[PDB]
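>>> just coords:
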């Protein structure tokens, strides 16, 4: 069931690019899934601060 | 298809909101490490492939 | 969405000819125009409500 | 083969996508089945055979209204450095010598929007330098000989005698050869950020 | 030692030179040979280039200074000639040889170039300048595509 | 300041609660054609997200949450706290008073 290798349970991605307009914001990320990971998208969320 | 809704009068402009119930669906394929391919369908009220 | 003019009471509507295979039925409700934003474009200058 | 058409369909249904846009970047519907209203049709799809690499023979049509002098295309603003002030040394007579400390600053000069002729633009560029003489220089005591910068069109030195080195007509010949910049000491102009040099007919020899 | 060494004299024009416009149709043409696809405000994949529809038409008259003198009356004001006596500060003479801009309609065919396999009904047209921002002085930009087959992909 | 202005009467300002919408509805651009999201490989720019102007992903989510769990329980993470009203205000049960 569980790997005994070094591996993060939670990852955080900083935006590689972001753009602003008078009424909206847009950010681009490279969501990386490593060579033996599988990611259930339901676990993902946009953590926003302001 | 024709539909006639009879409704009570209101002093302000309003909207009839209809949901044509439908099968809106996707299928997703991931055949190589670098890619993802999605096939969409919406059975009534279609929007292609 | 279909417009119901102020004080209107018959709201006739028609759908152009199409194939209805797998159709499931209808759900419906009534909304105010000021309480409904138009999502088409990036900002809605007529949406004066919160 | 067919045709698919990418055209500014105006009606309020598609105008609901036009709202923040203009004819240089807009969303339209390519689907034209006339019993579907443009909103209804817009969500549908044209769907070529997946077994083939398809290509478009693309044509386009473009029209435009661009005024000569404008902010967007950098044909409205130039930097210039001109005399802000002229002092006088205390206890010397004011008519006598006119020798003192002079001071200068860079300003960027804005021409009226929409404007639309060649000589007009030169007259406007001179009016802009005058306008700063009026708005600043008059109060600090710069003489109106000392305007610092002027745009001209003449060939000075045309009637100039090789021997006696003065313009023999007693006047500068009043004929337009090519636009020119006429400068006084300590001051100048800067086209680092404008296309007004291309209208002066003056270009940098090493442009990059 | 003079400006000969680093500036160049050239014929002036009211167009203020010219620039290419790049078209893009992000939702339809398959993205060309190094472009990554975006909703980015400017940087959509270019699909074809043209000069902007806006060109200099050569104009010549003698009596250009005479036209300027008649305008010196019929304008009813001296605002562009504050120094009528000063021969250096005098309003400069009008060029005899000069330009007008004409904004012309333009119609073009670009290459046969590759096309996305299925098309969403809502589609996009963009015109951008050399800086890749959208030119506001546009009216009636249009596109017309005749699709055709290039090559089989199924073996 | 005057004798009669001693007689002024104040009323408290109407209560106005402001915060983000239930489950942050509207905070992201779903079903808005000029502002779609993207999910794609890096090698081919072909987007796996094909949204439509006549879909309602925000409402669909509010209904699915009720079908999956109990909306009467508030969860701060997803700002999940369903829009409600006091039924005694909606339908007045005027029993009078026990005075």
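Nice, thanks for sending it over. Numbers count the residues shown, from 1 in each chain, chains lettered A, B, ... in the order given.
>>> So whatever residue of chain A ends up closest to chain B, which state does it fall into?
Proximity of chain A to chain B (Cβ to the nearest Cβ) peaks at residue A:35, 8.2 Å away. Backbone N, C-alpha and C define where each C-beta goes, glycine included. State at residue A:35, reduced to three classes by DSSP: H, G, I helix; E, B strand; the rest coil: coil.
>>> Neighbours of it, how many?
Neighbour count of residue A:35, defined by other Cβ atoms under 10 Å in any protein chain shown: 5.
>>> any idea which residue of the chain is furthest from its center?
I went with chain A, as the question did not name one. residue A:22 (25.8 Å; Cα atoms, centre = their mean).
>>> Wait, chain C was what I had in mind.
Going by Cα atoms, centre = their mean, the residue of chain C most distant from its centre is residue C:21, 23.4 Å out.
>>> residues contacting that residue?
Shown here is residue C:21, whose contacts under the criterion Cβ atoms under 8 Å, 6 or more residues apart in numbering or on different chains are B:43-44.
>>> Find the helix or strand that it is a member of.
Using DSSP states H and E, residue C:21 sits within no helix or strand.
>>> Residue B:48 versus that one, what's the distance?
Noted for residue C:21: a distance of 16 Å to residue B:48, by Cβ to Cβ, to the nearest Å.
>>> Which parts of the chain are strands?
Assuming you mean chain A. If you assign secondary structure with DSSP state E, the strands in chain A sit at A:17-20, A:25-28.
>>> wait, I meant chain C there
Secondary structure of chain C, counting by DSSP E: strands at C:2-4, C:10-14, C:25-32.
>>> who touches the spatially most central residue of chain A in this structure?
Against the mean C-alpha coordinate of chain A, by Cα atoms, centre = their mean, the closest residue is residue A:13 at 4.5 Å. Contact criterion Cβ under 8 Å, 6+ apart gives A:29-32 as the residues in contact with residue A:13.
>>> Strand partners (parallel or antiparallel) of the longest strand seen in chain E?
When secondary structure is assigned using DSSP E, the longest strand within chain E turns out to be strand E:138-152. Here strand E:138-152 is paired, per DSSP bridges, with strand D:4-6 (antiparallel), strand D:52-64 (antiparallel).
>>> can you pull the contacts of the closest residue to chain B within chain C?
Among the residues of chain C, residue C:24 lies closest to chain B, at 3.4 Å counting by Cβ to the nearest Cβ. For residue C:24, the contacting residues are B:21-23, B:44, by Cβ under 8 Å, 6+ apart.
>>> try 7 Å this time
Taking Cβ atoms under 7 Å, 6 or more residues apart in numbering or on different chains, we find residue C:24 in contact with B:21-22.
>>> before we move on, what about the one 4 residues further on?
Residue C:28 makes contact with B:16-19 under the criterion Cβ under 7 Å, 6+ apart.
>>> Pick the one among these closest to residue E:108.
Using Cβ to Cβ, residue B:18 comes nearest to residue E:108 of the contacts of residue C:28, at 44.2 Å.
>>> how far away is the closest residue to that closest one other than its chain neighbours from residue B:19?
With Cβ to Cβ, 6 or more residues apart in numbering or on different chains as the measure, residue C:28 is the residue that lies nearest to residue B:18, at 5.1 Å, once sequence neighbours are left out. Distance of residue C:28 to residue B:19, given as Cβ to Cβ: 7 Å.
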